[PDB]
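Next up: a single chain in structure tokens, the form solved without the partner chain.
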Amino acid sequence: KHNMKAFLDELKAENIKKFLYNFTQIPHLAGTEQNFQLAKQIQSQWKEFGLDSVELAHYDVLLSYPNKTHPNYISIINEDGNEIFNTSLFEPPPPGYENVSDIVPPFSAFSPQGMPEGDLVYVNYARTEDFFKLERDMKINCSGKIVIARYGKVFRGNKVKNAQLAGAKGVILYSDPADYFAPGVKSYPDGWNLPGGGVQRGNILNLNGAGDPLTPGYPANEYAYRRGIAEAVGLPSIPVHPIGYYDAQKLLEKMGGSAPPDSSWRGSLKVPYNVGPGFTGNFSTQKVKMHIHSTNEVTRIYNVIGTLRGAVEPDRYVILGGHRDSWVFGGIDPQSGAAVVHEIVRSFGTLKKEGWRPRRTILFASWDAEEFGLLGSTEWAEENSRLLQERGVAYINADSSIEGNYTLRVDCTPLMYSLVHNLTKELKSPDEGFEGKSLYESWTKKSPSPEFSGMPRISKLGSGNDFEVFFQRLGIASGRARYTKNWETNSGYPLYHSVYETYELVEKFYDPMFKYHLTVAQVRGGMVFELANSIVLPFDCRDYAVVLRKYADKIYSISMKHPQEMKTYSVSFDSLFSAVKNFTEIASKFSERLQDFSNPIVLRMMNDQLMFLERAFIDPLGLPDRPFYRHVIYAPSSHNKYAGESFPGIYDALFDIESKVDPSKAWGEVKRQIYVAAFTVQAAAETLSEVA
């Protein structure tokens, strides 16, 4: 039989292992020849595997690279202008890779050039609340200072935006052992921890879903009109550079000024974690100098797009996509995901060769330039937005398959919750101590839902990955799954975006039997299989009703911290709860009809109502000042692009509202967002009513 079981059984751990090794021998940095060559290899193999069509879709987008002959570094300088300490120019390469060419040295992609010199301020994680603490409580002024921040907690682009708004003239990012060195584990190559010379690369843009900085709204094709750099979206205005903790210790150890305000500001280095500004008495005339000479350059990038045409609904697309570009070797990020995609394509193709086809079209994507701001997926979705809008059933992401070996992690739209529960009950757990048990059982035991007994935790979609354009801009039901660590005995994984993130890292420490990779291939591949083949789309609208009520309770509880203002300005959540109540009623009735209808028009009408339900949460006017975040229920947090926020329009209107100098105007805007949200929830509900 050609059924999900056939598809699943054909997936092999050893294949995924072979593909991961194959993809991680040399760096595949976006816009380089090596990553174009990998694209052509993947294109060829997907054709060999049996896909109907496999094309490259290329764009010319703004990328950023260090200058090979003018290296980036940071100094402590003395009064005579002698640079008495310099940060490293590269990470010591790991065993056996010491002769590998083209390893990009650590840098912050899209930093402007500059050589600012000044006094340091330490800002903890550079989060919104860290700057509140500095400015409001500690009375420390960052204006004209170089800020040093530890990586962790939030997306590094938000840190830079926060430092810029505080008036900083530069930012130094560093990896603190508190956040990147698990106690009792050895650093690479002897364990999975970050060595003192290791450094996290990464872009520092604030694109808010725009895609290529020069072409917001439109694909960066051969005739595209480009904004001038001064009008580009999301570039930082101050120099930024990342360092490791050996180098950070040399920068922090001399810090004077104010003590850290409390223990949450202290990392693990043997330094006082003084906030500054500047150095203690004897060193008070020394300064910090950055030297950044990276350049932004419009560069060609290549997505691979594979199509497996549907037998019955070829105009309905289920998309499995993940990136291919990496900072260096991409042992975890993204090649552990890309190897799983490759095996999934291979398995679907085996079935296709035996005469099978999925009901709906499956599209497979290898995205480029994800690490530079989700550029490849976003340009392609801009090019194809009309097809995606009217035909996109779902998008399943496929970045890093593992960040740990403890349990599953799933983030998805509520419309997929029931699909994911059902699938994981039919998969075997690969966990020690759960042999013969389902993945659902092990996952539920290791990661219980905070709200329901006997259910697992499933998180909201945030961002920082290639689903953002499909979900938050276009309103296509989206999901992701991977294996993760125990968050209660441990900040991602330590070697993230370092030269040390290699094939050996995965093979030796994360997943030597490739059983977690295989489990992840079964979950992603199985979701795609069900989405593409189920007669009725496997979305349960009733799960959206439950979460909408949870999010309405949550946003109301935030507002209710301000009872006097709610009285004064007549701020009511009645309309939103009314909309949520109606959504619950209409969804329940729709579910009954879905169960209770041989009629393919009624089916397809009902599948269309299912497919367009996520779409109904899109507001074509976008959220305030973020026109590419159009989904009214979910947006990336304005304080941390990685985290999802629910009812983001209302959340941001209420955020720090007590500090707004015109409360009438601020509360007016809260009420406006309540209206927009109530209206959108009711409008989405009405898409599930009888159509005439």
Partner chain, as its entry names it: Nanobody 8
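Numbering follows the first chain given and starts at 1.
Where residue 597 is followed by residue 598 in the displayed chain, the model omits 1 to 3 of the deposited residues that sit between the two. The entry models residue 490 and residue 491 with a gap of 1 to 3 deposited residues left without coordinates.
Here 381 to 389 and 287 to 295 are compared by their mean Cα B-factor, and 287 to 295 comes out higher. Stretches 513 to 521 and 351 to 359 differ in mean CA B factor, with 351 to 359 having the higher one. Based on the entry's C-alpha B-factors, the most elevated value among 400, 463, 502, 143 belongs to 143. The residue among 220, 77, 338, 528 whose C-alpha carries the highest B-factor in the deposited model is 77. Sort the chain's modelled residues by C-alpha temperature factor and residue 661 lands in the highest third, per the entry. In the PDB entry, a CA B factor belonging to the lowest third of its chain's modelled residues is recorded for residue 685. When the CA B factors of the chain's modelled residues are split into thirds, the value for residue 50 lands in the highest one. Among the modelled residues of the chain, residue 92 sits in the middle third by CA temperature factor in this PDB entry.
Among the modelled residues of its chain, residue 186 has a C-alpha B-factor that falls in the highest third according to the deposited record.
The form solved in complex with the partner chain exists for this protein as well; it is not shown, and the discussion that follows is about that form.
Contact with the partner chain in the entry with it bound, judged by any heavy atom within 4.5 Å, is made by just one of 97, 265, 246, 509: 246. Contact with the partner chain in the entry with it bound, judged by any heavy atom within 4.5 Å, is made by just one of 183, 92, 144, 454: 92. Segments offered: 163 to 171, 188 to 196, 413 to 421, 136 to 144. Contacting the partner chain in the entry with it bound at heavy atom distances within 4.5 Å is 188 to 196. Under a 4.5 angstroms non-hydrogen atom cutoff, the partner chain in the entry with it bound has residue 286 among its neighbouring residues.
In the entry with it bound, the partner chain lies farther than 4.5 Å from every heavy atom of residue 299. Residue contact with the partner chain in the entry with it bound: residue 237 places no heavy atom within 4.5 Å of it.
Residue 568 falls outside the set of residues with a heavy atom inside 4.5 Å of the partner chain in the entry with it bound. Residues are counted as partner-facing when one of their heavy atoms sits within 4.5 Å of the partner chain in the entry with it bound; in 83 to 99 these are 84, 85, 86, 87, 88, 89, 90, 91, 92, in sequence order.
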